[PDB]
């Protein structure tokens, strides 16, 4: 089943929104398959956001993601990558739909609560980067028969 990488960013953690954010993912029918609260080391920060190295916000991004722990997650479900991005909302919280996580909880583009992989390819990339196979569980859930045909 399709898997994506989600990350509750340090703003959400420092605003005590971990449970709230997790709830929104669960109730959507997505399966939490891997999850750890962790401090992000510089190397991991920089390789995760390597595609932004030149940008204006880059230094501020590394600073921010390392400033306090994150909750890194692997989420499993049909179309999980797009489904997650759908309930997460647009990058800028003021363009994100009300009812989405960024729409409801985020104020600014720089502090926008959660990360989700943007494609199938970056999903597998980010998952390998943040997680080892032995930290990703695999289980059947009671509701599985009721989310899918």
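Numbering follows the first chain given and starts at 1.
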Item to check | Comparing 77 to 85 with 46 to 54, the one whose average Cα B-factor in the PDB entry is higher | outcome: 46 to 54
Next on the checklist: Can you tell me whether 33 to 41 has a higher mean C-alpha B factor than 93 to 101 in this record, or the other way round?
Outcome noted: 93 to 101
Item to check | Chain third (lowest, middle, highest) by recorded CA B-factor, residue given as residue 65 | outcome: middle
Item to check | Third of chain Cα B-factors occupied by residue 147 | outcome: highest
Checklist entry - Is the Cα B-factor recorded for residue 132 in the lowest, middle or highest third of its chain? => result highest
